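Structure, as structure tokens:
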Amino acid sequence: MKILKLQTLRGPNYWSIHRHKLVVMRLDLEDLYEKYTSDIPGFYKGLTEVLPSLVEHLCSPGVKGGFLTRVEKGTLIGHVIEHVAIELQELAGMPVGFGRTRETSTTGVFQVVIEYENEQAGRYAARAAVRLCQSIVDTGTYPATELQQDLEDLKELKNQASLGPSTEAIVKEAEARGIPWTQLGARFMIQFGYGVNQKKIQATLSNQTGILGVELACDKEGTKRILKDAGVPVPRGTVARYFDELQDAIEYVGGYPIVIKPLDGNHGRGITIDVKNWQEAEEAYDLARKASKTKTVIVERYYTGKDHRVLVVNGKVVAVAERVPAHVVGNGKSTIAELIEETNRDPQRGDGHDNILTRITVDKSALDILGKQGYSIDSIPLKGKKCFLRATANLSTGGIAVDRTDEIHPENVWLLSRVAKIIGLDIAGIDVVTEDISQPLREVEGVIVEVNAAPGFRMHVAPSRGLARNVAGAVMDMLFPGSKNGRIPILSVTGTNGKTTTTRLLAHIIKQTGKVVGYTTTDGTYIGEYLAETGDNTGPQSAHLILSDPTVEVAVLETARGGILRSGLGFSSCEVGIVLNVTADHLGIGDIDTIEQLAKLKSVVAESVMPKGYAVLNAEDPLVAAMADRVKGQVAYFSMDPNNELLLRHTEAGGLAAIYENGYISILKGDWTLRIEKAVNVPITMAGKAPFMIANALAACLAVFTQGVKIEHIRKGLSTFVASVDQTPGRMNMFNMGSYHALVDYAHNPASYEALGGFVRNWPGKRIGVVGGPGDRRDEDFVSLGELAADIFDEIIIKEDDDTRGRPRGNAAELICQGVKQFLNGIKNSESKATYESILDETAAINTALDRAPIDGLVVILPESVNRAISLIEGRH
Amino acid sequence: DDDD
Ligand SMILES: Nc1ncnc2c1ncn2[C@@H]1O[C@H](COP(=O)(O)OP(=O)(O)OP(O)(O)=S)[C@@H](O)[C@H]1O
Ligand SMILES: Nc1ncnc2c1ncn2[C@@H]1O[C@H](COP(=O)(O)OP(=O)(O)OP(O)(O)=S)[C@@H](O)[C@H]1O
Ligand SMILES: *N[C@@H](CCCNC(N)=[NH2+])C(=O)O
Ligand SMILES: *N[C@@H](CCCNC(N)=[NH2+])C(=O)O
Ligand SMILES: [Mg+2]
Ligand SMILES: [Mg+2]
Ligand SMILES: [Mg+2]
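In order, the protein sequence lines correspond to chains A and B. Everything in the first sequence is counted per our numbering, starting at 140 for the first residue and increasing by one. Everything in the second sequence is counted per our numbering, starting at 726 for the first residue and increasing by one.
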């Protein structure tokens, strides 16, 4: 076994839709290629003793233990490998239930697809499955120590790539509302929505949470001063840094009892709660001073009453929880000694940062605290009354929370909303000390102890003594007020031969409307009028740049098959999904070997259209038109032939099609025809000479029309879009230098070659052509390119791309020469005797083409890089 | 700090 390639899919992909997280591996079965499990000695027993849990795999039999029966009858090792990967990452607590195995075109390599929950965990499970199976086939068993090591590694990977419970809850709510979410790579920040409609959270702080409010909340004395200036009942306190100031401060606060705490600390380090005389105040002051990071200590009046935590979101009180400290009740005539471990044996209690109820930790400090209680270990509680173990009233110690949201007085709700607004926090956690939350804080001597930014709502979604509150729902309501997701209109263009031109035309048409358009094409990624990134930029890694930009209002993405194969789609759904054509030209790349597979791959865009969205399909292409079914949302057809029976039948019942009827780009809305332009006033069509450009224009116009763009804007965008170097880098570019003309294009496959010929053959001048193709394509494609170039052109100059993609140098050139020779030998008389010659350098090829251009001739260039041809023709004026 |  040898792992040849390991890819991870994060969106809708070729293998599945709605199963976004997948991992696909090319596994080489060098020696066990046709060895079934029944033909491997001792394989079944070793496998079933290493992992008995496989008995739960309801395989193709569909019954409990069916996979075991499949192994019994003899099965290929790829199937057991995918199953062992599923079970290996399932034992680590990660439920996954998708798996596939396929035979590739090459002899000994399989493709194995495993569902994952964590990317690193999924890759690790895929890598470990083959090692486990190889060890079983070599020795008959797998060591238990290695199995435990692998499970521990998987659990560590799951823990490492995990959000927090607050972020988990908020992300789960956003997913439930259909709002897209992505993980930023900087500071554990999560981005919701797209473009101008996006928001950001870290754990509870949002992108609208103020720096000033957070800093004021972190400052205890500043918060107290601000709240006192606003009439909020804060505790009467003072600060002190030297020993001699203690007596004066205690006089100022109003007597006894008092509270001594540090200015800065964590988990209540060195905070005394209740002191009533001198000496204990002195030791508490010493402890707090040695616990504070700045030697300074708050001393305030002690206020009796229970401790409540009030959560305020968007100025509204969402949840109120009373914090009861760790305690036991002897109502069953049992004392502390039994109950301390009786409570610890309850499944609700747990450690870590997931189970909120913690075990009652009997610390030495806790022993001292229960010493101050006035009772002992075996002292039975009187009458069955609460007896406490600590006084901090915190969940970490082992206390409980009681829901009090339905009992808070309306005046208290108003006061706490005012406190949150005064501090300046959109989400705040306010600590109140009061004898009764159902009465106003003025009647009882209730006080506001502190205000916390980025509070944890972990005690409100699981009170354990009351009703849970949907805090994540309130946060998501604050982030997205109405029934609004964070989506911007997404238009995904896919197809074999017209993605870039259609994407640019769509971007121009939408730019006619006053909107900022972020679009990614083969040339580069643009936002508005300015280039955001250079390169290929046709995969999800460039779609994320557009979808995360804060200024983009409409996203237009050219979605090539390469990105879908590599890592799937960069988005869950698209508003418009355009499929232009599917031609079997570059077959053999990846697992794609038949045009049916290519159609299935390109259908991912069509099947990703949301139910309220549109799928713009070419009715003239049978494979693309076959995608009409299995598409959620409406279908709109475009056809260059106005008499297409399928399109007419579609328009009769419903509408939303586009045709080219009588020198007119027309939209059919059922029984209504709306003409846009004469198709000779559209510059890219070149006075209607290029039909493929007209098809691209039809697709773009239909796509914008389905989204409500006015006909006037479509007309203006279609008229003002130019097919020259100013806008189109290498798409149908004319260059005129007087004596002749230069056509630079991007043709590299037989379909685009035929489309190019359909326009070149109408030129009345001499036809010189420099042709070529990428080196990673099949030989038959090169032969077809050569024969088509022979058919259409009069002078042939064959060049092979410098980046040959692993193919030996030259081979493609002589095979295109073989194709042109075959076409030449297929002619009896001198009907077309085009001259042929091959030079393998781009500069030499274009120089030779431009050197011997006669009067009124046409020289067509199909270079590896557009910038080379652009610069070469710019230098020569 | 964090999740106060
Ligand atoms: N002046 C006071 N009167 C009565 N109870 C108080 C007073 N100050 C604090 N407490 C109680 O002590 C608890 C902890 O007070 P804090 O001001 O939160 O001290 P701390 O150093 O911030 O500890 P943490 O980390 O915030 S729990 C509060 O939740 C109250 O229950
Ligand atoms: N609808 C069409 N049908 C056939 N050929 C077309 C069509 N639209 C454009 N072409 C030709 O195909 C060439 C290359 O296609 P482009 O639209 O420029 O880029 P592309 O389709 O994205 O190709 P890739 O995938 O980026 S290599 C163009 O220069 C045209 O000559
Ligand atoms: N509760 C927490 C808030 C501090 C601000 N948070 C961040 N991430 N700057 C605290 O430290 O009190
Ligand atoms: N309190 C916060 C902690 C999780 C975020 N921190 C890191 N390092 N991911 C939460 O989300 O509850
Ligand atoms: Mg507190
Ligand atoms: Mg605090
Ligand atoms: Mg392109």
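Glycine included, every Cβ here is placed at the ideal spot set by N, Cα and C.
Suppose contacts are defined by Cβ-Cβ distances below 8 Å. Is residue i in contact with residue j by that definition?
| i | j | result |
| --- | --- | --- |
| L807/A | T824/A | no |
| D565/A | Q347/A | yes |
| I216/A | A268/A | no |
| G150/A | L740/A | no |
| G349/A | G653/A | no |
| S603/A | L496/A | yes |
| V614/A | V452/A | yes |
| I547/A | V456/A | yes |
| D570/A | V583/A | no |
| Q322/A | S687/A | no |
| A738/A | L762/A | yes |
| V373/A | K359/A | no |
| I1000/A | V883/A | yes |
| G317/A | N624/A | yes |
| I798/A | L786/A | yes |
| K141/A | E169/A | yes |
| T544/A | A430/A | no |
| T642/A | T664/A | no |
| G914/A | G945/A | yes |
| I666/A | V695/A | no |
Using a Cβ-based criterion (distance less than 7 Å to any ligand heavy atom), does residue i qualify as near ligand 5?
| i | result |
| --- | --- |
| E589/A | yes |
| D570/A | yes |
Here's a check: name, in chain order, each residue in its chain whose Cβ is nearer than 7 Å to the Cβ of residue i, leaving out the five neighbours to either side.
| i | result |
| --- | --- |
| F844/A | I806 and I853 |
| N820/A | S858 |
| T208/A | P200 |
| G702/A | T677, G678 and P679 |
Which bits of chain B does residue i rub up against, with CB to CB less than 8 Å?
| i | result |
| --- | --- |
| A342/A | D727 and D728 |
| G568/A | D729 |
Comparing the CB of residue i with every heavy atom of ligand 3, is any distance shorter than 7 Å?
| i | result |
| --- | --- |
| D358/A | no |
| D729/B | yes |
| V353/A | yes |
| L344/A | yes |
| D726/B | yes |
| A592/A | yes |
Residue i: beta carbon under 7 Å from a heavy atom of ligand 2?
| i | result |
| --- | --- |
| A894/A | yes |
| residue 1063/A | In this structure chain A extends from 140 to 1016, so residue 1063/A is not present and cannot be described. |
| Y799/A | no |
| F831/A | yes |
| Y172/A | no |
| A834/A | yes |
| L963/A | no |
Using a cut-off of 7 Å between C-beta atoms, extract the partners of residue i located in chain B.
| i | result |
| --- | --- |
| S305/A | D728 |
Could you name the residues of the same chain whose beta carbon sits closer than 8 Å to that of residue i, not counting the 5 residues immediately before and after it, in chain order?
| i | result |
| --- | --- |
| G897/A | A829, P830 and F831 |
| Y803/A | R814, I815, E816, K817 and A818 |
| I275/A | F182, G185, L186, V189 and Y281 |
Using C-beta distances below 6 Å, list every residue in its chain close to residue i, excluding the 5 sequence neighbours before and after it, in chain order.
| i | result |
| --- | --- |
| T698/A | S631, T633 and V744 |
| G489/A | none |
| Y975/A | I935 and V959 |
| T443/A | none |
Return yes when at least one heavy atom of ligand 4 lies under 7 Å from the C-beta of residue i, else no.
| i | result |
| --- | --- |
| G324/A | no |
| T306/A | yes |
| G595/A | yes |
| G491/A | no |
Comparing the CB of residue i with every heavy atom of ligand 7, is any distance shorter than 7 Å?
| i | result |
| --- | --- |
| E697/A | yes |
| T661/A | yes |
| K638/A | yes |
Please identify, using Cβ separations under 8 Å, the residues of the segment 581-596 of chain A that lie next to chain B, in order along the chain. Taking 8 Å as the Cβ-Cβ cut-off, the segment 581-596 of chain A approaches chain B at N591, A592, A593, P594 and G595, given in chain order.
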